[PDB]
Amino acid sequence: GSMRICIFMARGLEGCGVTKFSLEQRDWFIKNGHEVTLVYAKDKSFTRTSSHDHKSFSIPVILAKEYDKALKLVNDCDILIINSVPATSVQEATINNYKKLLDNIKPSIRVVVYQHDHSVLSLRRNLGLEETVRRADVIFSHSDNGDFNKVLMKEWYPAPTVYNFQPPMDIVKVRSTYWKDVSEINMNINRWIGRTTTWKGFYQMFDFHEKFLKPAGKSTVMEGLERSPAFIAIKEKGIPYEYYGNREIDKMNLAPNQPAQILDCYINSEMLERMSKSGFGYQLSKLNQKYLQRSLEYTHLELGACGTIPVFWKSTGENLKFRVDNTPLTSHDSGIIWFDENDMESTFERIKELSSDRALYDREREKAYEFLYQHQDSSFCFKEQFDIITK
Amino acid sequence: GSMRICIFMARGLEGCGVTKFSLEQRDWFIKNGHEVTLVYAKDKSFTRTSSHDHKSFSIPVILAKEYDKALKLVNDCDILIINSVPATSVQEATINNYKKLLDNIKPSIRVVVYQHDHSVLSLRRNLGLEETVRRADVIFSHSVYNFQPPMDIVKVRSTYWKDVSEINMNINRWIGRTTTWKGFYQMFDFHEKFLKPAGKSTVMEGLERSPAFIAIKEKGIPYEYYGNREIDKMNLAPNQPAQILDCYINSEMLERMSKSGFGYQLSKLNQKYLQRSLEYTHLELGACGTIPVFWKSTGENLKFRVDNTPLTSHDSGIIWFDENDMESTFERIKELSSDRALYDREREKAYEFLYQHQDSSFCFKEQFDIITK
DNA sequence: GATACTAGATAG
DNA sequence: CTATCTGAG
Ligand SMILES: O=c1ccn([C@@H]2O[C@H](COP(=O)(O)OP(=O)(O)O)[C@@H](O)[C@H]2O)c(=O)[nH]1
Ligand SMILES: O=c1ccn([C@@H]2O[C@H](COP(=O)(O)OP(=O)(O)O)[C@@H](O)[C@H]2O)c(=O)[nH]1
Ligand SMILES: [Cl-]
């Protein structure tokens, strides 16, 4: 009903899914007639702060020394949406003032908390999440069976209702901006996008390239594999690769019989353009079923929306439920290739078929785009969330 | 016996440690009967070029358009000492001519290369380091032979050492640069929690402006900034924030330090970069007559030149600043500020220890012998 | 195969 | 502070 919305990332602007969600959320609220202020605590900085285009509208605030500025911001809205909380690495002043903010927000402001993390390992790396949840008037999580719901919430309430949510994207806009004529897509390029955490399936991508793609003369690119501590393991296993920074992308060896070409971190818009011209995009996220309900990740949606053939993790499609009828995603003729770890041959065979038949290729991606649109477009999902928020 | 030495700073004259080493090296060679020419590439300019007194003899050359001039200079010596190489921010003409230079000097010239960098991050900003190693006849590193950047400690004392009666015990002077391992955050902290409340004053010289100040501000650290122009407007009275000087003239700082109760050099060098090498700012404190306050782990990681034992295992008169127990550090400082006799006793100790550890008379002799045979 | 997941230092 | 590089809990 035409309200003022303050979207708050108290952990900081990290540049990944929480930042992307906040940006898509802002867009939806603006598109639907509401006013939005996007605020983030800058007490902690992150590598991917520039990955998304937010600087022309985001408002940074140092919780440690600008409590007053933060307080006026969060209190100048009708609905306060908190998508992240301070990390366990911040100084006492930061968590102290954050907690102080929670206590001094007008009682009338509707506080909505979205928990974006899955594993308890990540959930524990938060400070003030308990007081955040206690002040929340509405709470969303990615799964009724996840650690947030089954571990933390039971720990705090031995209780408010926790609603499920999917992180939506304006899939129409992405396509309108990057979709390419199939004739301009290089069937030899296989592009994986993700992060350096085991459940993103980087090991499986290296394995698939070594056993099927490389031998078949194809090229593999992996974007987003930052050299964080987790990357140490890739070095210890002795996996072959060629690493490139963001200022040396054009110096990437995209010829056959080459190791996987790795990119550190990417600018979202630049990646979408490269992907729109890539034969196959890979998103191998493979979370434990307990974390899956209806949520695909932004990288899943980005593949389908930009026009490449999406290659997803089978068990992920099997354990996720289509938004329209709650049926497994794998039960639909979506055009998506469900990467099978125990049978990569069939996976590569499907890829071969598509690579040699532009018509079949085009038909299949059109199916993927419409399937993904129906499943997680902002026009549907944010409306569901809005109804729950204003319930 | 006497020889012609050309000291070449191909990166340019930055005005810090490499520049200081080059000038001290020139002094030692000249002092020991050798002819010296000091050459530097002016392709890249720097802020602290005038920090050290070199204009009366230094020879600038633009590698990009004075190759012939450069070639005749570096070829006009018996020993060529290369103390720095071109930065990656130089135009192709600069590095191209530098490599060409290495390939055209007489094969008979002894080329000595000194690697002053510590972290690999500083190394990756060096060009032509490949061909430099190839042409090099002798190579030195801080931690291939090891070396310590020596200074003529006795000469500094002789020029600035003041009677304890002339020293202001309330002044705490930190010297360094705007890079976290120089320990400026610890100095700010120490002033806030111990020095300021005790009515003491703190001056921090060398903190050049940089993006790091964005972080200093965000942390809400109080400070008053001064350019080398209005050093006269510096408020040294009690109850003041740390007083910062952006850049300093070496000779001027030594004079200021010689009259300061305590000098601080809080560089924290990971044990990997530490072997025997202290920095010039370390030596400068002990040489001008102030009480040196150094970083504890730095002294624990470094080995004394005389017997290879940790510096901290000696009764050196040096106050080892302990981030984990700053109160004890402050109590040590108070103790010395109260008894001028004890104060004099400790610095005399510091001077002799530092002299024995890294005076040019010892270190440059050691390096010359390595260079010779 | 914890492939079960997720800093610290230094230069400009 | 951001970008970049080493190599952990
Ligand atoms: O270096 C990177 C890494 C990620 N992203 C984007 O950040 C979002 C990450 O959301 P997702 O839920 O897919 O992954 P996660 O939040 O778990 O990293 C997606 O829009 C990615 O395209 C980006 O622009 N650059
Ligand atoms: O603004 C400044 C900064 C430094 N120095 C001098 O430059 C040298 C720096 O060498 P050091 O090894 O102490 O540290 P670096 O700056 O080379 O890492 C010392 O003689 C300092 O006194 C100076 O004269 N002015
Ligand atoms: Cl220098």
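Reminder, nothing fancy here: chain letters follow the sequence lines and each chain counts from 1.
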Using atom [atom1] of each nucleotide, how far apart are [N] and [M] to the nearest Å?
{"N": "C/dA4", "M": "C/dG8", "atom1": "P", "result": "28 Å"}
{"N": "C/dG1", "M": "C/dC5", "atom1": "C1'", "result": "13 Å"}
{"N": "C/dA2", "M": "C/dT6", "atom1": "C1'", "result": "11 Å"}

May I ask which nucleotide in the shown strands pairs with [N], Watson-Crick or G-U wobble, both distances under 3.5 Å?
{"N": "C/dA2", "result": "none"}
{"N": "D/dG7", "result": "none"}
{"N": "C/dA11", "result": "D/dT2"}

Does [N] have its OP1 or OP2 closer than 4.0 Å to a side-chain nitrogen or oxygen of [X]?
{"X": "A/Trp199", "N": "C/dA2", "value": "no"}
{"X": "B/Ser210", "N": "C/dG12", "value": "no"}
{"X": "A/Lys44", "N": "C/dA7", "value": "yes"}
{"X": "A/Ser122", "N": "C/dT6", "value": "yes"}

### Query
Looking only at side chains, do A/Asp147 and A/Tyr291 share a donor and an acceptor under 3.5 Å apart?
yes
### Message
Between A/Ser89 and A/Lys44, is there a side-chain donor-acceptor contact under 3.5 Å, judged purely by atom types and distance?
### Response
yes
### Task
Sequence neighbours left out, what pairs pass side-chain hydrogen bond (donor to acceptor under 3.5 Å, both in side chains) with at least one residue falling in residues 216-227 of chain B?
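Listed by first then second residue: B/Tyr226-B/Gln243.
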### Query
For the side chain to side chain contact (heavy atoms under 4.5 Å, CB included) test, which of A/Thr196, A/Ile193, A/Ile262 pairs with A/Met222?
A/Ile262
Just the rounded figure in Å: distance from [atom2] of [N] to [atom1] of [X].
{"X": "B/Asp117", "N": "C/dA9", "atom1": "CG", "atom2": "P", "value": "19 Å"}
{"X": "A/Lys286", "N": "C/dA4", "atom1": "NZ", "atom2": "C1'", "value": "9 Å"}
{"X": "B/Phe184", "N": "C/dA9", "atom1": "CZ", "atom2": "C1'", "value": "13 Å"}
{"X": "B/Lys182", "N": "C/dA11", "atom1": "NZ", "atom2": "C1'", "value": "13 Å"}
{"X": "B/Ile216", "N": "C/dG12", "atom1": "CD1", "atom2": "P", "value": "17 Å"}
{"X": "A/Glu210", "N": "C/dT3", "atom1": "CD", "atom2": "P", "value": "17 Å"}
{"X": "A/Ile267", "N": "D/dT2", "atom1": "CD1", "atom2": "P", "value": "14 Å"}
{"X": "A/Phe231", "N": "C/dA2", "atom1": "CZ", "atom2": "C1'", "value": "18 Å"}

### Query
Are side-chain heavy atoms of B/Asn83 and B/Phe21 found at a separation under 4.5 Å?
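The answer is yes, as the side chains (C-beta and beyond) meet within the 4.5 Å cut-off.
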What nucleotide, of [options], holds the atom closest to the side chain of [X]?
{"X": "B/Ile214", "options": "D/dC1, C/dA11, C/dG1", "result": "D/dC1"}
{"X": "A/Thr197", "options": "D/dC1, C/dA7, C/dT6", "result": "C/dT6"}
{"X": "A/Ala233", "options": "C/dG12, D/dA8, C/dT10", "result": "D/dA8"}

### Query
Roughly how far, to the nearest 0.5 Å, is the CD atom of A/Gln115 from the CG atom of A/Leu129?
5.5 Å
### Query
So, the side chain of A/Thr94 versus the backbone of A/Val90: is there a donor-acceptor pair under 3.5 Å, distance only?
no
Nucleotide N/O of nucleotides 3-5 of chain D paired with protein N/O under 3.5 Å:
{"unit_1": "D/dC5", "atom_1": "OP2", "unit_2": "A/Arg227", "atom_2": "NH2", "d": "3.4"}

### Qualifying residue for ring pair (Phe, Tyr, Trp, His ring centres under 6.0 Å) with A/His116, from A/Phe165, A/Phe148, A/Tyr298
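Testing A/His116 for a ring pair (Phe, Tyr, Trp, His ring centres under 6.0 Å) against A/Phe165, A/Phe148, A/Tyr298 leaves exactly one candidate, A/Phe165.
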### Task
May I ask you to say what A/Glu236 touches in the nucleic acid, namely base, sugar-phosphate or nothing, with a heavy-atom cut-off under 4.0 Å?
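Touches nothing.
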